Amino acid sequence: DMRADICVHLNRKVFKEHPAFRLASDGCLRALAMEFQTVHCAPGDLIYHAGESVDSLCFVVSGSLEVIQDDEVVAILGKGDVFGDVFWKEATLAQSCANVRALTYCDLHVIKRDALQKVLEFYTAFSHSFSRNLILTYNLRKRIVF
């Protein structure tokens, strides 16, 4: 049975690319891979709408996305970017201040706050290296002041 190990391999563009995972043990990566989901967007698809609860950490492996608050483009995300919220440092979930819309076909690999926190609480060594290394590309909770 190699189901888990196939899932680790399917997440390689996150696990082997993002510095936050350099210290993840194989067992740790297996536990994470079981919880990650790959999302496929078409151009124009909304990944997150303003007002929506930010409950997942999203890694862009492919494509481009625009972030928009108040009908203003505030950022552009691309491969290797990560957006969502700091669930390891934040007590409570909050509403999104911005829309995230796909500009092209995109692959996102996403993990829910709950499933992520569970892994972090076990593998505490990785969890501090993860925290220090995961810098959000966009924090959907923070509001840009124009």
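Just count from 1 along the sequence shown to find any residue number.
*Asks:* 25-33 versus 51-59: which one carries the higher mean Cα B factor per the record?
*Replies:* The stretch with the larger average C-alpha B-factor is 51-59.
*Asks:* Averaging CA B factors per stretch from the PDB record, which one is higher: 6-14 or 130-138?
*Replies:* Higher mean C-alpha B-factor: 130-138.
*Asks:* Please work out which residue in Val39, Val67, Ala94, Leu46 has the highest C-alpha B-factor recorded for this crystal structure.
*Replies:* So the option with the highest C-alpha B-factor is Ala94.
*Asks:* Mind checking which third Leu103 falls in for C-alpha B-factor across the chain?
*Replies:* Middle third - that is where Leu103 ends up once the chain's C-alpha B-factors are sorted.
*Asks:* Taking the entry's C-alpha B-factors for this chain, is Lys79 in the lowest, middle or highest third?
*Replies:* For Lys79, whose C-alpha B-factor we compare with every modelled residue in the chain, the answer is the middle third.
*Asks:* What third of its chain, lowest, middle or highest, does the C-alpha temperature factor of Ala115 fall into?
*Replies:* CA B-factor rank for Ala115: middle third.
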